[PDB]
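Residue-level listing of the chains:
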Amino acid sequence: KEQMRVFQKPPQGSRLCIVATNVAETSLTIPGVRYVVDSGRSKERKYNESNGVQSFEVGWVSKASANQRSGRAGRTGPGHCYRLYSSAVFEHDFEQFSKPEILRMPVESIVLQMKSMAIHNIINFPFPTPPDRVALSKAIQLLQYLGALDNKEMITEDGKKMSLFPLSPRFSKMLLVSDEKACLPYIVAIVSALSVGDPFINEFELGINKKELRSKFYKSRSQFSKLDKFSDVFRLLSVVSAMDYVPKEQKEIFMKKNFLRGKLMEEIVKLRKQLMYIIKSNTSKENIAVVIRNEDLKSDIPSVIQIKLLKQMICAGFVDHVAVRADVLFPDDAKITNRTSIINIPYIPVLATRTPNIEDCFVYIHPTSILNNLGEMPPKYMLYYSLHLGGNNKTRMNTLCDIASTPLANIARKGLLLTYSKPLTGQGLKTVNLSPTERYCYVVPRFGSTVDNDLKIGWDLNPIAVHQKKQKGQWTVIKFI
Amino acid sequence: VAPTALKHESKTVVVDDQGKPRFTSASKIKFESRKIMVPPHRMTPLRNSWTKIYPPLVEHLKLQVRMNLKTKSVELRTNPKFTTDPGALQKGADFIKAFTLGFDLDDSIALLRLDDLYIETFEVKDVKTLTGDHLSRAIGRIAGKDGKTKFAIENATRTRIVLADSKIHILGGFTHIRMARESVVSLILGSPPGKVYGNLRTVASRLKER
Amino acid sequence: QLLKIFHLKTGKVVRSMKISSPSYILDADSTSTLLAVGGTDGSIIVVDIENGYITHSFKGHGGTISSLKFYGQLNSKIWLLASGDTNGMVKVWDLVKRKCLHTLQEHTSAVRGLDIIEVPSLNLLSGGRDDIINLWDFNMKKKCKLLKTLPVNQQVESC
Amino acid sequence: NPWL
Amino acid sequence: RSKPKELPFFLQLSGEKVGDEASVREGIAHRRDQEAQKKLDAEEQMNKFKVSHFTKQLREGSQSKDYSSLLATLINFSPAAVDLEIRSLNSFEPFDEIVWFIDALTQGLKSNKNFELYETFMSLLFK
Amino acid sequence: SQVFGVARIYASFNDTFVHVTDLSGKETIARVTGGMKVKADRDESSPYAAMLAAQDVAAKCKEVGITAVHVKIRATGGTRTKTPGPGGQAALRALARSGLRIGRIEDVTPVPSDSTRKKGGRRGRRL
């Protein structure tokens, strides 16, 4: 009804003023407009390739968009366009043409909405602007790991909820499965910190790698290191959770003391409020009536059981991005001892192609990680955000947390990255069978590549009790016993 | 090593696209008493048997029990925070009355365990106006020698009988008590018990078959 | 004491919920999404029909609820609920603020007829078995005045 | 606070 | 054939036996619970205990087109060993193992040795 | 908030009347008998008939608005038995199970200080 009023002609003695978004530029025609004021800023979906974050940001429009804004004032008669930027910024910062949205997307997202429409053929589908065939094939594979697509490439129940989230599938995965044991306030805080960026100023940036100052840096890091010895993700949870109780007058003092970035943390505060609403809208039953309060954001320190579960939800998003220590898979392939520093301990990704020399596949810990100041041996299985070639010596690791054996299996159970062996028989390994399609038995799960598949590098997890039901001749697992 | 070793509701609303209202969700056994008075002659059984009376009521029935010396009565109250069965309070009242009429406690427990057990009651004068010796003998007929006759009916009919002078009370299922009423009354009218014993045997077989 | 929501097109019982006391008064808003339940215990339960959850639980009335009137419009925030009990007590509950806005007592018998209309200020038509009709004028503020009382000669079952 |  | 050989306070009765024959005359008148218990007994069993070469050769035999090394192990396996291995053959497309198994037996029958064993092996496959 | 009634129950040998009324007793709120809920005359006095009638009256009692009652059980009295039979007991139980709060229980059977002669005669009755 309101856009009926704008299209309704003005009263006599009154000049018309309309104020709107790009929709007024192109979507519709405004009769009688002789003056157009151009801010030059529009909010459009943006995908960040380096950190894989999808967001909606206010930024400069393309040169074509600005011209369409200026031609608006000249439909009925000669008019004037007043741009709130200069020619120089128009020449340099305004791109000639707006990029297609398909190029401003996660590739996993495009297939997700594409599959949410129940369209089978993604690889051969005639895009106006096709993404690379290789880019697509990875995207389908990533969603299958996220459980959004089943074995037959069809969207699953996780998938339909996955499409409803406007975020990237990786982050939307953790938010969906996190509605257990009141762990939602913690998980979004990670998502907010990860989505916006790292708020920790490291020693190298500080140039202190003065002897009193480096200690204060160490004390500040140690103060945020109580949640978990082996995890860097929860240290990010410490600052964001500790941020909220820092009153308004104590922001800057808190920030100078802790060597953190002010403008970054305030943003994270805003993302949490926005992020919760998206989750509580889809998850809750009164999707649109829900409203966020700062009190819901506020929460106390996680319990040890809650910490373990949080490690599970984080790994749920990053099942593919999980690394193993090399000695466990290949003993003596790389010499290791207690003398070797932690930063020099090799690790292997699960989907790393096996090269003739296994040393090439190795990845190593970043010095800034909490795992550096640790001393004793690091854990066998690591979860990481991504890999960075930075550092000429070795590839470095953006670690999140440490995941144990059985938790990793139950998380990969939904995904296709985990395979199960045949029923184990032997000492105390009788296979219980209730019906011809039903049985309860021990199985050693295999995570990663199949034993036949030598191209990729899979490994075997610890044996675990499990319930299986036979479906289409396949002994599908139901739950670990 | 061993030597042997080897080697808040929201005050706001949102309008949905159709225009409809959409509001936030709203924030998410009474007490009774029964009084039964005990006569003087039953209290002494009540006192020495009380140790076995309150446990079933307080625990299984979850009732709140008390006996008042001043009025010489038993008190049963439903506990709103503990009591769950609506019929427990009356059931407890039903049980204690049975003891109050002259009944063995264990028999009275049957009323707590089951729900289809009732009390039938009547006097001899309702049947026939017997007086003096005629009344006194008639009571002897029902009990029989050593109380045998009263036990004869009870086993066959699956009830219990108390011969409180001219007052008779019967406990059982409705079918059981009614036939018992017939047998005791038949004695009142003057039938010798031995003949009644034969009929008691007859009805006993019918009970077993069905 | 079980409310059951039945979907005609789908033809199945979509929602089933339990109420505190037996309720003989049922009102549905003109927009066809909210349902008000008037129990004999004086409690008022507002349920979203499409979703099937309790939106409001007003417990102010002492007598049995005899009349319930929803007032509202599409694309508006002046949504209101009017409830009358058998004690001649009328209350104007406000859904948006989730509170009782007005209270009226002039009726002596049960109130059976309620109706709100917008004055181009809102007017309430209250009618009960006492054979009178009361016209009230009110707003969101603390203003609620009686305008006229009409002796209608007839027991007001609905108005 | 516990976090601090 | 070898398997080994295997009150409430508020008591609930109604009907004729309680003397309510009117209920009887008027017409008014647990297996899953056993099934639930059987599930519990199984669940107890897994918590009670808190602890292949065949399939390897089968893949190699297909690779080299020589199941002779495989066929030797089949004869060595105990009958209890035999049935489990036959039943454990995977049954999803493209059915490589089943196709491989029949090739191994097909090679065996050509050998004209151990005729009785190879014949019964397929009967379990078909079974 | 609590409105009280009076549940007058009359348990005869051949039938049981369940009657609920206002405190004055002149207004009848609901009356249901043993014959109402039964098919056969022999079962009018059955406790089962009484329970159904009690359940029937209780539903109407709630419908009208009465939430509590005062029970006044009685028998035929007069020249006959003075104690209420099993049926009134079953009805009294049913009202308690119905959920209606029971205010007070009393026995108001007609007890004659003096009475006329009985139907049996000298030789008795109730064979």
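Residues numbered from 1 in each chain as written, not as in the entry; some residues may be left out. Chains lettered and ligands numbered in written order. Part of a larger assembly, values for the part shown. Heavy atoms only, no water. Residues with missing side-chain atoms left out of burial classes, pairs and counts.

Per the PDB record, the structure was determined using cryo-EM to 3.94 Å resolution.

A.B. asks: Any chance you could explain the sheet that holds strand β3 (residues 33–37) of chain B here in plain terms?
C.D. replies: Backbone hydrogen bonds are what pair the strands of a sheet, in a parallel or an antiparallel way. All names here are of chain B. Judged by pairing direction, the sheet is antiparallel, and its three strands sit side by side in the order β3-β5-β4 without closing on themselves. With partners counted over all chains shown, the strands left at the sheet margins are β3 and β4 (63–68), one partner each. This sheet shows a mean twist of 15° between the axes of neighbouring strands, independent of strand direction. With six bridges connecting them, β4 and strand β5 (residues 73–78) associate as antiparallel partners. Residue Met 67 lies in a different strand from β5, and its bridge partner there is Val 74. Running at roughly 5° to β3, helix α3 (residues 88–100) makes contact with β3, β4 and β5 of the sheet. (Pairing = 2+ DSSP bridges. Helix = DSSP H or I, 4+ residues; strand = E, 2+ residues; numbered from the N terminus. Axes fitted to C-alpha atoms, helices over the stretch in contact; angles between N-to-C directions. Contact = heavy atoms within 4.5 Å.)

A.B. asks: Sorry, what's going on with the interface of chain B and chain F here?
C.D. replies: Where interface size is given, it is often the accessible area lost as the parts come together that is meant. Listed as interface residues are 27 residues of chain B and, on the opposing side, 25 residues of chain F. For the side of chain B that touches chain F, the secondary-structure elements that each account for two or more residues are α3, β6 (118–123), α5 (124–127) and α8 (174–188) of chain B. For the side of chain B that touches chain F, the residue count by class is eleven nonpolar, four polar and twelve charged. (Nonpolar A, V, L, I, M, F, W, Y, C, P; charged D, E, K, R; others polar.)

A.B. asks: How should the environment of A:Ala352 be read in this particular structure?
C.D. replies: Residues and elements named next belong to chain A. Considering the arrangement of structural elements, one finds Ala 352 in the loop between β6 (347–349) and β7 (364–365). C-alpha separation for the pair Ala 352 and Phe 362, spaced ten residues apart in sequence, amounts to 9.0 Å. Not counting the four nearest positions on each side in its chain, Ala 352 is found in contact with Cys 361, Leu 455, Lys 456 and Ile 457.

A.B. asks: Explain unusual backbone geometry here, please?
C.D. replies: A negative phi holds for most residues other than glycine; trans holds for most peptide bonds. Following E:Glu93, the chain continues into E:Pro94 via a peptide bond in cis, with omega recorded as 5°. As for its position among the elements, E:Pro94 is in the loop between α5 (79–87) and α6 (96–111). Located in the positive-phi region is A:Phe259, a residue other than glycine, with phi close to 55°.

A.B. asks: Any chance you could explain the sheet that holds strand β14 (residues 459–460) of chain A here in plain terms?
C.D. replies: Residue and element names in this part refer to chain A. Strand order in the open sheet made by the three strands is β10-β13-β14, with antiparallel pairing throughout. Looking at strand neighbours, the two that pair on one side only are β10 (418–420) and β14, the edges of this open sheet. Two strands pair when backbone bridges link them, and strand β13 (residues 445–447) and β14 are joined in this way by two bridges, in the antiparallel orientation. Following the sheet pairing, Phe 447 is matched in β14 by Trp 459.

A.B. asks: Please explain the pattern of salt bridges as it appears in this structure.
C.D. replies: Two side chains of opposite charge can pair, provided their charged atoms sit close to one another. With its nearest N and O atoms 2.6 Å apart, the salt bridge here joins B:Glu9 to C:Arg98. Of this pair, B:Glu9 sits in the segment before β1 (14–15) while C:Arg98 sits in the loop between β9 (90–94) and β10 (99–104), which puts the two residues in different chains. F:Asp43 is the salt-bridge partner of F:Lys39, the closest N and O atoms lying 3.9 Å from each other. A single salt-bridge network, built from bridges that share partners, covers E:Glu21, E:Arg25, E:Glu26, F:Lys39, F:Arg42 and F:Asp43. (Salt bridge = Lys/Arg side-chain N within 4 Å of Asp/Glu carboxyl O.)

A.B. asks: Honestly, α3(B) in this entry has me stumped. Any pointers?
C.D. replies: In an α-helix, one full turn covers 3.6 residues, which means residues spaced three or four apart are oriented alike. Helix length check: α3(B) (13 residues) gives 18 Å between terminal C-alpha atoms against 18 Å at 1.5 Å per residue, within 8%. Note on α3(B): the residue one or two positions beyond its end, B:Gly102, has a positive phi of about 120°. (Expected span 1.5 Å × (residues − 1).)

A.B. asks: How do you make sense of the pairing of strand β3 (residues 28–33) of chain F when you look at a structure like this?
C.D. replies: Regular strands show a simple pattern: their side chains alternate between the two faces of the sheet. All names here are of chain F. Pairing analysis gives five bridges linking strand β2 (residues 16–21) to β3, with the strands arranged antiparallel. Within β3, the residue paired with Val 18 across the bridge is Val 32. Hairpin geometry of β2 and β3 is characterised by an intervening segment of six residues between the two adjacent antiparallel strands and by a positive phi of about 95° at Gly 25.

A.B. asks: I keep staring at the packing of α8(B) against helix α9 (residues 193–209) of chain B and nothing clicks. Help me out?
C.D. replies: Between two packed helices, what matters for the description is the angle formed by their axes and the separation of those axes. Residues and elements named next belong to chain B. Contact pair α8 / α9: the axes reach a minimum separation of 10 Å and the direction vectors enclose 165°. As judged from the angle between their axes, α8 and α9 are roughly antiparallel. Regarding α8 and α9, the two cross each other, and that crossing is right-handed. In contact with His 176, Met 179, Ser 183 and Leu 187 of α8, α9 contributes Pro 193, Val 196, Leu 200, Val 203 and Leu 207. (Parallel < 35°, antiparallel > 145°, perpendicular 65-115°, else oblique. Left-handed = near helix turned anticlockwise from the far one by under 90°.)

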